[PDB]
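In what follows, chains are A, B, ... by sequence order, proteins preceding strands, each numbered from 1. Computed over heavy atoms, backbone and side chain alike; hydrogens, waters and symmetry mates excluded.
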Amino acid sequence: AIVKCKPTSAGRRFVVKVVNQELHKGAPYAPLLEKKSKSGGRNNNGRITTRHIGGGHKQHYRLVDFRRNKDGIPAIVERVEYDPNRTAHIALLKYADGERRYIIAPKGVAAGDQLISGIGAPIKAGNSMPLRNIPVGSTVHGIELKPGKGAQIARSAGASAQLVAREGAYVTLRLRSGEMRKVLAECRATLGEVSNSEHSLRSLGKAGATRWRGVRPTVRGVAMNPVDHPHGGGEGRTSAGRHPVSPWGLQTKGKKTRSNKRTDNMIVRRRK
Amino acid sequence: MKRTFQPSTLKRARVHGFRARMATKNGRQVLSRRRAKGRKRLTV
RNA sequence: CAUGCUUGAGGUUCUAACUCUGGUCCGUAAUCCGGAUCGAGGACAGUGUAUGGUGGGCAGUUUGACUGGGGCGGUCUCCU
RNA sequence: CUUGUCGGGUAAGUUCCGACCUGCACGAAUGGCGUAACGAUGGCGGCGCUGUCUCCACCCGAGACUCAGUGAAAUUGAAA
RNA sequence: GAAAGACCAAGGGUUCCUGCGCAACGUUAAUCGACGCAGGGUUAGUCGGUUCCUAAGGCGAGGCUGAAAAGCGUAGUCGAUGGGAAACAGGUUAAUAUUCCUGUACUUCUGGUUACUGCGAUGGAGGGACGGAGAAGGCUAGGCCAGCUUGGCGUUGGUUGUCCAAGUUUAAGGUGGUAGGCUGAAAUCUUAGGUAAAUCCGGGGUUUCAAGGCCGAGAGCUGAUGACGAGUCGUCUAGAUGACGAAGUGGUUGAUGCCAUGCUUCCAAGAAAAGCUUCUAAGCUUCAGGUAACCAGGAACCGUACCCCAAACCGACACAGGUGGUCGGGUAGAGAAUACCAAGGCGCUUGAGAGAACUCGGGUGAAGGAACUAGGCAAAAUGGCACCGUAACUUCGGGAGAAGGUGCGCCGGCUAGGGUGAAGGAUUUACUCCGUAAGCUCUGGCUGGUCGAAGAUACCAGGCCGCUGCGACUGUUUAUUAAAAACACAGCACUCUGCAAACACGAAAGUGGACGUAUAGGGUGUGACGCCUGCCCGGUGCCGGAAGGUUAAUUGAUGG
RNA sequence: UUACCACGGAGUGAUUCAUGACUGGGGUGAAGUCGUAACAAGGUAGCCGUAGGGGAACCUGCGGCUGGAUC
Ligand SMILES: [Mg+2]
Ligand SMILES: [Mg+2]
Ligand SMILES: [Mg+2]
Ligand SMILES: [Mg+2]
Ligand SMILES: [Mg+2]
Ligand SMILES: [Mg+2]
Ligand SMILES: [Mg+2]
Ligand SMILES: [Mg+2]
Ligand SMILES: [Mg+2]
Ligand SMILES: [Mg+2]
Ligand SMILES: [Mg+2]
Ligand SMILES: [Mg+2]
Ligand SMILES: [Mg+2]
Ligand SMILES: [Mg+2]
Ligand SMILES: [Mg+2]
Ligand SMILES: [Mg+2]
Ligand SMILES: [Mg+2]
Ligand SMILES: [Mg+2]
Ligand SMILES: [Mg+2]
Ligand SMILES: [Mg+2]
Ligand SMILES: [Mg+2]
Ligand SMILES: [Mg+2]
Ligand SMILES: [Mg+2]
Ligand SMILES: [Mg+2]
Ligand SMILES: [Mg+2]
Ligand SMILES: [Mg+2]
Ligand SMILES: [Mg+2]
Ligand SMILES: [Mg+2]
Ligand SMILES: [Mg+2]
Ligand SMILES: [Mg+2]
Ligand SMILES: [Mg+2]
Ligand SMILES: [Mg+2]
Ligand SMILES: [Mg+2]
Ligand SMILES: [Mg+2]
Ligand SMILES: [Mg+2]
Ligand SMILES: [Mg+2]
Ligand SMILES: [Mg+2]
Ligand SMILES: [Mg+2]
Ligand SMILES: [Mg+2]
Ligand SMILES: [Mg+2]
Ligand SMILES: [Mg+2]
Ligand SMILES: [Mg+2]
Ligand SMILES: [Mg+2]
Ligand SMILES: [Mg+2]
Ligand SMILES: [Mg+2]
Ligand SMILES: [Mg+2]
Ligand SMILES: [Mg+2]
Ligand SMILES: [Mg+2]
Ligand SMILES: [Mg+2]
Ligand SMILES: [Mg+2]
Ligand SMILES: [Mg+2]
Ligand SMILES: [Mg+2]
Ligand SMILES: [Mg+2]
Ligand SMILES: [Mg+2]
Ligand SMILES: [Mg+2]
Ligand SMILES: [Mg+2]
Ligand SMILES: [Mg+2]
Ligand SMILES: [Mg+2]
Ligand SMILES: [Mg+2]
Ligand SMILES: [Mg+2]
Ligand SMILES: [Mg+2]
Ligand SMILES: [Mg+2]
Ligand SMILES: [Mg+2]
Ligand SMILES: [Mg+2]
Ligand SMILES: [Mg+2]
Ligand SMILES: [Mg+2]
Ligand SMILES: [Mg+2]
Ligand SMILES: [Mg+2]
Ligand SMILES: [Mg+2]
Ligand SMILES: [Mg+2]
Ligand SMILES: [Mg+2]
Ligand SMILES: [Mg+2]
Ligand SMILES: [Mg+2]
Ligand SMILES: [Mg+2]
Ligand SMILES: [Mg+2]
Ligand SMILES: [Mg+2]
Ligand SMILES: [Mg+2]
Ligand SMILES: [Mg+2]
Ligand SMILES: [Mg+2]
Ligand SMILES: [Mg+2]
Ligand SMILES: [Mg+2]
Ligand SMILES: [Mg+2]
Ligand SMILES: [Mg+2]
Ligand SMILES: [Mg+2]
Ligand SMILES: [Mg+2]
Ligand SMILES: [Mg+2]
Ligand SMILES: [Mg+2]
Ligand SMILES: [Mg+2]
Ligand SMILES: [Mg+2]
Ligand SMILES: [Mg+2]
Ligand SMILES: [Mg+2]
Ligand SMILES: [Mg+2]
Ligand SMILES: [Mg+2]
Ligand SMILES: [Mg+2]
Ligand SMILES: [Mg+2]
Ligand SMILES: [Mg+2]
Ligand SMILES: [Mg+2]
Ligand SMILES: [Mg+2]
Ligand SMILES: [Mg+2]
Ligand SMILES: [Mg+2]
Ligand SMILES: [Mg+2]
Ligand SMILES: [Mg+2]
Ligand SMILES: [Mg+2]
Ligand SMILES: [Mg+2]
Ligand SMILES: [Mg+2]
Ligand SMILES: [Mg+2]
Ligand SMILES: [Mg+2]
Ligand SMILES: [Mg+2]
Ligand SMILES: [Mg+2]
Ligand SMILES: [Mg+2]
Ligand SMILES: [Mg+2]
Ligand SMILES: [Mg+2]
Ligand SMILES: [Mg+2]
Ligand SMILES: [Mg+2]
Ligand SMILES: [Mg+2]
Ligand SMILES: [Mg+2]
Ligand SMILES: [Mg+2]
Ligand SMILES: [Mg+2]
Ligand SMILES: [Mg+2]
Ligand SMILES: [Mg+2]
Ligand SMILES: [Mg+2]
């Protein structure tokens with residue numbers, strides 16, 4: 001649930017924490033962990049390519065199974081864990097022959113369940129099957145875009161998509177963004193919604209909580225000099241006397257930037 | 001007050017050493033330029 | 001009018017060129033890369049060349065003289 | 001314009017606090033008006049305290065001064 | 001004296017010790033020297049490297065890309081600031097010592113002999129292997145006190161004694177499995193898994209028992225009838241040398257060190273690989289190999305002098321500067337503050353006078369008490385512990401140590417507790433439980449007396465209050481005239497982006513975003529919180545529309 | 001000399017009177033200005049609660065009442 005903190009300090013007055021008592025509080029499953037090192041936003045040339053990145057806590061990478069290709073064998077939910085590098089929770093499945101795995105936890109799975117996958121699976125939440133044998137009007141998550149590639153869409157906390165139409169070798173579903181897209185019916189998905197939907201009610205509270213996550217401060221372009229930003233310059237406070245623009249000269253108050261033209265036929269209608 | 005030169009012999013050989021010059025052509029031009037002048041040292 | 005023979009434009013469809021930062025086999029002790037084969041898209045996308053639009057993101061420059069100091073104002077050629 | 005006018009504070013207040021509206025030339029995310037806590041932040045007023053001051057006096061150490069040793073500097077057309 | 005004392009690392013390179021010297025160097029002289037000349041000086045199976053393993057990162061066969069140079073990168077192999085075998089005490093030099101010597105250890109490898117045997121990886125499993133804060137303990141180093149041994153009897157009253165001084169030391173290792181932490185154990189039958197296999201790991205079913213198993217400081221014993229030890233005797237040259245050599249015990253206190261990589265708890269969710277154990281594959285199988293016991297032998301190479309918070313390093317200097325880590329005693333004290341000392345080290349490489357103005361750093365000041373000044377700048381003042389008491393306002397935490405006040409030294413009397421702990425009791429009969437007089441140690445209560453001007457007596461150690469502007473706060477900023485009202489900030493809003501994402505660095509391959517997936521990512525503005533955020537789409541931008549006008553390369557009718 | 005204690009003194013609050021630049025509504029008064037909201041179905045039936053708007057009476061939305069006329 002959401003817990004508000006007493007205003008004992010100036011930095012505690014506006015902290016709203018999201019604490020889950022049902023999360024596992026031991027050590028993660030060691031065989032499914034591997035190291036990942038930070039980058040600071042730097043590419044192999046050593047230059048900052050994405051800015052406002054740096055610092056934070058040390059993290060391991062959890063090998064989450066996004067394909068779910070053990071069809072037919074039943075599973076059991078051993079526990080629901082915390083992932084430092086998701087916004088959703090993860091669940092440790094234990095199949096009928098050892099074979100422990102990490103998946104993205106659905107909303108309702110706690111400690112038992114069966115979570116079978118493949119053709120012939122029931123329509124319980126947490127099961128996975130091809131999108132063609134899924135009743136229309138249902139809510140799905142973890143949709144894959146290519147057969148055998150793994151889940152790509154609707155993976156963050158509280159995310160879901162709705163299955164709206166089906167005809168031919170494709171199937172149409174409405175994305176969380178408001179965008180109508182057609183997906184191949186041979187692809188796979190999982191039934192239900194992603195857990196941790198209360199994640200959007202948190203409040204960090206203080207400037208140091210953002211630094212714990214690896215985010216560096218943002219300096220406004222109107223606070224710079226003309227040589228650093230198109231918005232810079234002026235005596236006293238100014239308001240960026242030109243149309244608002246990116247640091248590299250691109251307009252940012254409503255100008256569209258999609259120019260793919262290869263996947264245009266997969267868009268039934270844009271989110272606009 | 002801290003000054004600009006803080007010695008370290010390991011960082012000295014890895015930047016200006018003989019094997020560092022030989023790794024690139026622009027460091028090989030430095031060595032051939034110092035041989036044409038007759039420098040006694042020839043490397044850091 | 002009925003066809004024949006081209007040829008401008010549009011739509012649909014197919015696979016065989018091309019594309020895949022999709023699967024599994026081999027080179028192989030290897031998340032690179034190739035070859036093979038399934039799957040998907042498909043003459044589109046993309047690249048070369050020619051051309052219209054946009055483009056202080058970036059560049060090379062220009063922005064007169066007189067003047068009871070410069071600037072502002074006025075004047076700059078011809079006739080009485 | 002301007003030390004606007006009125007009230008308070010002072011023996012006396014171009015600063016301060018409360019109002020008036022005649023806003024040269026406030027104004028609503030280049031945010032408007034308030035706001036507890038916080039500030040080596042700006043302005044004003046009190047208590048205590050005092051060499052800050054009336055107005056300086058005496059005392060103690062280190063230089064200045066003399067003797068012995070070592071021994072610079074900027075500058076300089078020439079100087080009765 | 002939490003260094004101005006010792007010791008590591010970096011850096012330096014003979015500055016180290018001895019003999020001979022004083023021209024130059026040393027801010028003066030110098031017989032002295034980190035100075036000149038000449039000799040000498042650094043001893044390792046265990047210390048630090050190397051060797052084994054990997055992090056960030058580098059290089060990178062083939063490869064992909066690129067006018068050329070070259071860029072990126074796979075297999076791989078480099079790269080510590082990390083992981084991985086093992087030594088301690090005592091002697092001795094002018095100069096080295098955990099290295100030499102004495103004594104007592106530990107680790108690892110090689111070759112033979114015997115006995116018994118399924119051996120085998122690059123591969124599978126286990127293990128290695130880890131965060132912040134906090135709190136109860138257990139212990140040790142260290143410190144005090146008492147006793148013991150040796151010596152002493154005090155230039156001036158007393159001092160043969162509830163006197164004075166010194167010493168009362170001892171390691172690694174072995175044995176011991178304790179305070180304490182974690183954990184169910186065994187047999188049997190199997191198997192959609194760990195790429196192949198597996199007797200190993202994982203999963204499943206049945207039966208039996210409540211007991212095993214793994215870690216773990218420290219005590220005691222032993223090392224040690226030994227070393228060390230004030231001092232005594234002898235010999236030699238005011239000191240060395242050989243032999244000898246007293247006591248060497250108990251009680252309290254006690255860590256920031258160890259148990260502890262433990263335990264509890266919280267989000268920001270907390271290295272890798274090898275060494276190590278185990279399983280089998282390809283292959284051998286009476287040769288190879290493995291497991292024990294015994295004997296013999298080895299452990300290579302490199303660095304060890306000296307400075308090291310400085311006169312030897314970085315600053316042109318024998319320069320109030322800078323420089324990572326370890327140890328860190330006594331009396332007061334909360335304390336690593338502060339004061340006076342210990343061990344140890346030093347008096348800072350020009351002196352001697354005298355006692356003018358003036359300058360610098362301080363002490364005291366009559367009567368006033370901010371009249372000074374741009375401005376209470378500077379100075380003066382406050383300052384501790386316990387107890388009483390404390391306003392507006394508030395986001396209900398605060399404001400607040402608001403404000404203000406009372407007590408505090410020393411010596412007696414009475415009196416309340418806690419810890420440790422002989423003897424005794426239990427039997428679980430010994431590294432165990434309860435509990436103890438004296439002794440030592442810690443925390444109180446109420447009653448007098450007494451000295452001074454003054455008892456938080458020195459060092460140390462908040463001044464406070466009332467109106468207002470700005471910024472919500474902690475934070476950051478112009479190295480070297482600006483620390484702020486400037487930047488950031490949590491919160492808010494707009495807009496873009498469907499993943500081969502937008503966007504950014506790259507002639508490109510590719511990389512970041514992100515091993516993320518619209519509760520996500522980028523850009524822009526505003527800047528906690530409260531109440532709110534009005535009117536204008538004419539201009540410029542952005543978004544949507546597509547009818548109609550203009551409109552590029554291209555084409556080439558017609559005319560000349 | 002000790003104890004008790006009046007006057008007096010210091011600090012910080014509470015409560016109650018008077019007064020205060022300037023401001024908010026109310027009542028009364030005179031042939032003043034603008035509109036016509038209510039009383040008839042008052043010419044959009046009026047009232048009640050609440051929210052927004054407007055020179056003003058008031059208008060509009062939502063819910064409620066008859067203390068509403070013709071039928
Ligand atoms: Mg792992
Ligand atoms: Mg950003
Ligand atoms: Mg993250
Ligand atoms: Mg921001
Ligand atoms: Mg910002
Ligand atoms: Mg911005
Ligand atoms: Mg600025
Ligand atoms: Mg600026
Ligand atoms: Mg720049
Ligand atoms: Mg610009
Ligand atoms: Mg500006
Ligand atoms: Mg301005
Ligand atoms: Mg401007
Ligand atoms: Mg990419
Ligand atoms: Mg391939
Ligand atoms: Mg095909
Ligand atoms: Mg095309
Ligand atoms: Mg094209
Ligand atoms: Mg082109
Ligand atoms: Mg083209
Ligand atoms: Mg420009
Ligand atoms: Mg220009
Ligand atoms: Mg231009
Ligand atoms: Mg430019
Ligand atoms: Mg030129
Ligand atoms: Mg020019
Ligand atoms: Mg010109
Ligand atoms: Mg001119
Ligand atoms: Mg003029
Ligand atoms: Mg003149
Ligand atoms: Mg002019
Ligand atoms: Mg003025
Ligand atoms: Mg005025
Ligand atoms: Mg006045
Ligand atoms: Mg004044
Ligand atoms: Mg607005
Ligand atoms: Mg403005
Ligand atoms: Mg304001
Ligand atoms: Mg601050
Ligand atoms: Mg203030
Ligand atoms: Mg005054
Ligand atoms: Mg002299
Ligand atoms: Mg060295
Ligand atoms: Mg040197
Ligand atoms: Mg010497
Ligand atoms: Mg000599
Ligand atoms: Mg001489
Ligand atoms: Mg001399
Ligand atoms: Mg010498
Ligand atoms: Mg590498
Ligand atoms: Mg490379
Ligand atoms: Mg090559
Ligand atoms: Mg290596
Ligand atoms: Mg190391
Ligand atoms: Mg020595
Ligand atoms: Mg020895
Ligand atoms: Mg084997
Ligand atoms: Mg392994
Ligand atoms: Mg570690
Ligand atoms: Mg910890
Ligand atoms: Mg003791
Ligand atoms: Mg005696
Ligand atoms: Mg005497
Ligand atoms: Mg006597
Ligand atoms: Mg012993
Ligand atoms: Mg032992
Ligand atoms: Mg135990
Ligand atoms: Mg040595
Ligand atoms: Mg040494
Ligand atoms: Mg040292
Ligand atoms: Mg020192
Ligand atoms: Mg020096
Ligand atoms: Mg000196
Ligand atoms: Mg110095
Ligand atoms: Mg001390
Ligand atoms: Mg103290
Ligand atoms: Mg001190
Ligand atoms: Mg001493
Ligand atoms: Mg003198
Ligand atoms: Mg004097
Ligand atoms: Mg003076
Ligand atoms: Mg004084
Ligand atoms: Mg006096
Ligand atoms: Mg005075
Ligand atoms: Mg006096
Ligand atoms: Mg006086
Ligand atoms: Mg006074
Ligand atoms: Mg004055
Ligand atoms: Mg004056
Ligand atoms: Mg001051
Ligand atoms: Mg002072
Ligand atoms: Mg206050
Ligand atoms: Mg107080
Ligand atoms: Mg206060
Ligand atoms: Mg007295
Ligand atoms: Mg105000
Ligand atoms: Mg003001
Ligand atoms: Mg601030
Ligand atoms: Mg702070
Ligand atoms: Mg900084
Ligand atoms: Mg700074
Ligand atoms: Mg500065
Ligand atoms: Mg500051
Ligand atoms: Mg400053
Ligand atoms: Mg700034
Ligand atoms: Mg956004
Ligand atoms: Mg701002
Ligand atoms: Mg503001
Ligand atoms: Mg318009
Ligand atoms: Mg417009
Ligand atoms: Mg359009
Ligand atoms: Mg009406
Ligand atoms: Mg009415
Ligand atoms: Mg009416
Ligand atoms: Mg009406
Ligand atoms: Mg009407
Ligand atoms: Mg009412
Ligand atoms: Mg109404
Ligand atoms: Mg209306
Ligand atoms: Mg109504
Ligand atoms: Mg109604």
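- Within the structure, a side-chain polar atom (N or O) of A/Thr263 is placed less than 4.0 Å from OP1 or OP2 of E/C499.
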Based on Watson-Crick and G-U pairs with both distances under 3.5 Å, what dot-bracket line describes RNA chain C 5' to 3', crossing pairs as [ ] and inter-strand pairs as |?
-> .................(((.((((((.....)))))))))......................(((.......)))....
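- The side chain of A/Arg155 contributes an N or O atom lying less than 4.0 Å from OP1 or OP2 of E/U517.
- Within 4.0 Å (heavy atoms only), A/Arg181 reaches sugar-phosphate atoms of the nucleic acid but no base atom.
- Evaluation of the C1'-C2'-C3'-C4' torsion of E/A24 gives a positive value and hence a north sugar.
- Across all strands, A/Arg270 comes closer than 4.0 Å only to sugar-phosphate atoms, never to a base (heavy-atom distances).
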Would you give a per-nucleotide map of nucleotides 524-538 of chain E, 5' to 3', where B means the base has a protein non-hydrogen atom under 4.0 Å away, S means only the sugar-phosphate does, and - means neither?
-> BSBBBS---------
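- Overall, the helix from E/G409-E/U450 to E/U420-E/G439 carries an axis bend of 0° between its ends, with five pairs at each end and the value rounded to 10°.
- Syn is the classification of E/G13, since its glycosidic angle stays within 90° of 0.
- For A/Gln251 and E/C496, a side-chain-to-base donor-acceptor distance below 3.5 Å is absent, hydrogens and geometry of angles not being considered.
- Taking side-chain N and O atoms only, A/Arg47 has no distance below 4.0 Å to OP1 or OP2 of E/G513.
- Across all strands shown, E/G556 remains unpaired; no Watson-Crick or G-U wobble contact has both distances below 3.5 Å.
- The furanose ring of E/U98 falls on the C2'-endo (south) side of the pseudorotation cycle, as its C1'-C2'-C3'-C4' torsion is below zero.
- For the pair A/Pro230 and A/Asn265, nearest-nucleotide mapping onto RNA chain C gives the more 5' position to A/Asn265.
- The base of E/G491 lies outside donor-acceptor range of the side chain of A/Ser203, with no N or O pair under 3.5 Å.
- The side chain of A/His60 places an N or O atom within less than 4.0 Å of a non-bridging phosphate oxygen (OP1 or OP2) of E/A271.
- Look at A/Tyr61 and you'll find a side-chain N or O under 4.0 angstrom from OP1 or OP2 of E/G516.
- Under the stacking definition used here (centres under 5.5 Å, planes under 30°), the residue A/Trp248 fails to qualify as stacked on the base of C/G57.
- In this model, the phosphate group of E/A56 is approached by a side-chain N or O of A/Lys35 to a distance below 4.0 Å at OP1 or OP2.
- Remark: A/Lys182 qualifies as a cation-pi partner of A/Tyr170 under the 6.0 Å distance and 45° angle criteria applied to the six-membered ring.
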